[PDB]
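Below: the structure, in structure tokens.
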Amino acid sequence: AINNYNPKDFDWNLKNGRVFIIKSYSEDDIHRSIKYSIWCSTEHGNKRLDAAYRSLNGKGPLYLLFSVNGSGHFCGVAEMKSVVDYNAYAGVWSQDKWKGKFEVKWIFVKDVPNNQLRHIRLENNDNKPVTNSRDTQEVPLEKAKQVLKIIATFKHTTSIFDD
């Protein structure tokens, strides 16, 4: 890998976009996402993000703030880059038939610890800290701006690449 990620004077274009938490079950899913520029949330996760992406059209960016369950930190930020693709061939049984995947462009890959963000609280999630969020929890715009500044400017000592 390279430091192709973590741009410096990164303007977010976050005047009209949306921001969502991703909780990855595994570090492997993070690696594969970075390698192949895709993500799959749960069925409801994909549908929630698909609807948010389509409602935005091209008016604003949809960012995803990633964190592996139990890590204590966020591990980076990607932008969602396609509608959700439900493929029409995978699956034999009816429940594991139409599984969704969508495109992401990874922007920041860096460990930002939660102690840097616990002060930011989500008014749309019972005023809990942004670090308490569950997968596909949406972050209100002004709180998102605060989280993106912290993530973009934090001088990190680790990243998921050490794995």
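By convention in this document, the chains of the structure tokens carry letters A, B, ... by their order, each chain's residues are numbered from 1, and ligands are numbered from 1 in the order they are shown.
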
Next item on the list: For residue 15 in chain A, list every protein, DNA or RNA residue within 10 Å, evaluated using only C-alpha atoms, and leave out those in the same chain fewer than 3 positions away; present the list as a PyMOL selection string.
Entry: chain A and resi 12+18+59-61+141-142+145

Next item on the list: Name the residues of chain A that come out as strand (DSSP E or B) in a backbone DSSP run; write them as a PyMOL selection string.
Entry: chain A and resi 18-24+38-39+62-68+73-80+85-86+100-113+121-122+128-129+138-139

Let me see the file: selected residues, N, CA and C atoms, as a compact mmCIF listing (two decimals), in the first residue's frame.
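Written out: part07.txt:
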# COMPACT_ATOMS: atom_id res chain seq x y z
N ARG A 18 -24.55 13.68 3.10
CA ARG A 18 -24.97 12.88 4.25
C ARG A 18 -23.80 12.01 4.70
N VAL A 19 -23.86 11.57 5.96
CA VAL A 19 -22.78 10.80 6.57
C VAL A 19 -23.37 9.66 7.39
N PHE A 20 -22.76 8.48 7.29
CA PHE A 20 -23.29 7.28 7.93
C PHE A 20 -22.15 6.51 8.57
N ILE A 21 -22.42 5.87 9.71
CA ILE A 21 -21.45 4.99 10.35
C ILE A 21 -21.51 3.63 9.68
N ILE A 22 -20.35 3.00 9.48
CA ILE A 22 -20.30 1.60 9.10
C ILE A 22 -19.60 0.86 10.23
N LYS A 23 -20.22 -0.22 10.72
CA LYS A 23 -19.59 -1.09 11.70
C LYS A 23 -19.25 -2.40 11.01
N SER A 24 -17.96 -2.62 10.75
CA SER A 24 -17.54 -3.82 10.06
C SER A 24 -17.33 -4.94 11.07
N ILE A 38 -15.38 -1.91 -2.89
CA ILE A 38 -16.77 -2.28 -2.68
C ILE A 38 -17.06 -2.39 -1.19
N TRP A 39 -18.34 -2.33 -0.87
CA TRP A 39 -18.84 -2.67 0.46
C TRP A 39 -20.19 -3.37 0.32
N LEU A 62 -22.12 11.24 -0.05
CA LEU A 62 -22.45 10.33 1.05
C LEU A 62 -21.15 9.71 1.53
N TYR A 63 -20.74 10.07 2.75
CA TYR A 63 -19.53 9.50 3.34
C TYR A 63 -19.88 8.38 4.30
N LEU A 64 -18.91 7.49 4.50
CA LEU A 64 -19.06 6.38 5.43
C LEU A 64 -17.89 6.39 6.40
N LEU A 65 -18.19 6.42 7.70
CA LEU A 65 -17.19 6.42 8.75
C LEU A 65 -17.07 5.01 9.31
N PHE A 66 -15.94 4.36 9.05
CA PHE A 66 -15.79 2.93 9.31
C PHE A 66 -15.20 2.67 10.68
N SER A 67 -15.63 1.58 11.30
CA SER A 67 -15.08 1.12 12.56
C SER A 67 -15.35 -0.37 12.69
N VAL A 68 -14.34 -1.13 13.07
CA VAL A 68 -14.51 -2.56 13.29
C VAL A 68 -15.07 -2.77 14.69
N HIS A 73 -11.78 2.45 17.96
CA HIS A 73 -11.38 3.56 17.10
C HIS A 73 -12.05 3.42 15.74
N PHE A 74 -12.07 4.53 15.00
CA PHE A 74 -12.45 4.51 13.60
C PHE A 74 -11.23 4.24 12.73
N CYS A 75 -11.44 3.52 11.63
CA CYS A 75 -10.33 3.09 10.79
C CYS A 75 -10.30 3.74 9.42
N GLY A 76 -11.24 4.63 9.11
CA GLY A 76 -11.14 5.44 7.91
C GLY A 76 -12.49 5.91 7.41
N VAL A 77 -12.45 6.55 6.23
CA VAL A 77 -13.62 7.20 5.63
C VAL A 77 -13.62 6.92 4.13
N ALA A 78 -14.73 6.38 3.62
CA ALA A 78 -14.92 6.20 2.19
C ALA A 78 -16.13 7.01 1.73
N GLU A 79 -16.17 7.31 0.43
CA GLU A 79 -17.36 7.89 -0.18
C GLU A 79 -18.08 6.81 -0.97
N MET A 80 -19.41 6.76 -0.82
CA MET A 80 -20.22 5.82 -1.59
C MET A 80 -20.36 6.31 -3.02
N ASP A 85 -26.02 -2.66 -5.91
CA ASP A 85 -26.16 -3.64 -6.97
C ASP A 85 -26.62 -4.96 -6.35
N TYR A 86 -27.88 -5.33 -6.59
CA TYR A 86 -28.40 -6.64 -6.19
C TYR A 86 -28.24 -7.57 -7.39
N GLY A 100 -26.68 -7.57 -1.83
CA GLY A 100 -26.35 -6.26 -2.35
C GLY A 100 -24.88 -5.92 -2.16
N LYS A 101 -24.35 -5.14 -3.10
CA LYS A 101 -22.99 -4.62 -3.02
C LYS A 101 -22.97 -3.26 -3.70
N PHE A 102 -22.07 -2.39 -3.25
CA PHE A 102 -22.01 -1.07 -3.87
C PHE A 102 -20.57 -0.60 -3.85
N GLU A 103 -20.32 0.45 -4.63
CA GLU A 103 -18.97 0.92 -4.83
C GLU A 103 -18.64 2.02 -3.83
N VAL A 104 -17.40 2.00 -3.32
CA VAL A 104 -16.87 3.04 -2.44
C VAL A 104 -15.49 3.45 -2.96
N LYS A 105 -15.15 4.73 -2.76
CA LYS A 105 -13.80 5.25 -2.95
C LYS A 105 -13.25 5.59 -1.57
N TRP A 106 -12.23 4.87 -1.13
CA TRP A 106 -11.66 5.14 0.18
C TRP A 106 -10.88 6.45 0.14
N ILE A 107 -11.04 7.27 1.17
CA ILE A 107 -10.46 8.61 1.21
C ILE A 107 -9.41 8.72 2.30
N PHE A 108 -9.77 8.38 3.53
CA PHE A 108 -8.86 8.35 4.67
C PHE A 108 -8.76 6.90 5.13
N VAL A 109 -7.54 6.43 5.35
CA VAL A 109 -7.30 5.13 5.99
C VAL A 109 -6.31 5.40 7.11
N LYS A 110 -6.80 5.41 8.35
CA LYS A 110 -6.05 5.88 9.50
C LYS A 110 -6.83 5.50 10.74
N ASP A 111 -6.12 5.22 11.81
CA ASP A 111 -6.78 4.96 13.08
C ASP A 111 -6.98 6.27 13.82
N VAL A 112 -8.23 6.64 14.04
CA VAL A 112 -8.60 7.74 14.92
C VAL A 112 -9.28 7.13 16.14
N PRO A 113 -8.74 7.32 17.34
CA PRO A 113 -9.33 6.66 18.51
C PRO A 113 -10.62 7.34 18.93
N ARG A 121 -22.04 14.25 20.23
CA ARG A 121 -23.22 13.49 20.60
C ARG A 121 -24.25 13.61 19.49
N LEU A 122 -25.00 12.53 19.26
CA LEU A 122 -25.93 12.45 18.14
C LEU A 122 -27.34 12.73 18.64
N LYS A 128 -26.64 10.16 22.28
CA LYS A 128 -25.49 9.34 22.60
C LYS A 128 -24.26 9.82 21.84
N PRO A 129 -23.06 9.55 22.35
CA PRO A 129 -21.85 9.90 21.60
C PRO A 129 -21.81 9.19 20.25
N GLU A 138 -26.97 7.14 10.91
CA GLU A 138 -26.69 8.39 10.23
C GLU A 138 -26.26 9.47 11.22
N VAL A 139 -25.35 10.34 10.78
CA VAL A 139 -24.81 11.40 11.62
C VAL A 139 -25.34 12.73 11.09

Item checked: Separation of CA of residue 49 in chain A from CA of residue 2 in chain A, in Å and rounded to one decimal ->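 Value for the CA of residue 49 in chain A-CA of residue 2 in chain A distance: 28.8 Å.
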